[PDB]
């Protein structure tokens, strides 16, 4: 049988190898994962778009089968650095026009920021469990994740992630309704199997979430793209999750005010691709076909 790792192509980006799935021809349909996942997150959704365009699912730097950075430490794998690598990869792959984005979690921070700064290049944005606000208070943070994220953002974070791999080992199964199979879980573990800095991307990401204005750079760029999303006529497909995690309550009401928006609801907590892949794939296919 052909494994997932086996299907990947590779590009040299600032001297580092970045892995990605690419299949088909036509305008790009770009699938962006977040933390602590990889292109594997899209494996059951991509077949619903087969023959509809050029499907591209990159592994972010330090994740999936992409290279790890050199002398990784607490300043490594920030949002800015992820932009540097991903945006360069996208340019190298000729993702420049008529782009459909299918985005989740930190992949949505990256994708929304890309769309905002390449606003004439975008055919449509499908998003789910996405970065769609900055939080003025920890009170606004998801109840089920607050203790975990407060501890990750503290000095405790290195031991929790670099040693104990808790983003993978606790947050992943906690954020899926079903149980992943052993094979599926082992594929998420694989890029992070080695203790130490190999796991750093999964710790810098929670430290980059904009809460009480910190970090400042991420807060500003998210605020900027959220303002723009409330105005732009670019078609939007909001895949709402029931119950969801990141997009719930008041946040969800605000998303529903965005222009040119189609909404579908599917079962899921946060990694909803694992609970409702066929519902998500069919929704993306049908919406993309209507554009």
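Positions refer to the first chain, counted from 1.
Legend: mean Cα B-factor per stretch from the PDB entry, 277-285 versus 18-26; the higher mean is in 18-26.
Higher mean CA B-factor, judged across 99-107 and 163-171 from the recorded values: 163-171.
Within the selection 124, 206, 191, 73, the deposited Cα B-factor values reach their highest point at 73. Out of 179, 129, 187, 133, the entry records its largest CA B-factor for 133. Among the modelled residues of its chain, residue 254 has a C-alpha B-factor that falls in the highest third, as given in the PDB entry. Residue-level temperature factors show residue 38 in the lowest third of its chain, judged at the C-alpha atom. Ranked against the other modelled residues of its chain, the C-alpha B-factor of residue 77 as given in the entry falls in the middle third. Per-chain ranking of the deposited C-alpha B factor places residue 243 in the lowest third. When all modelled residues of the chain are sorted by CA temperature factor, residue 63 is found within the middle third.
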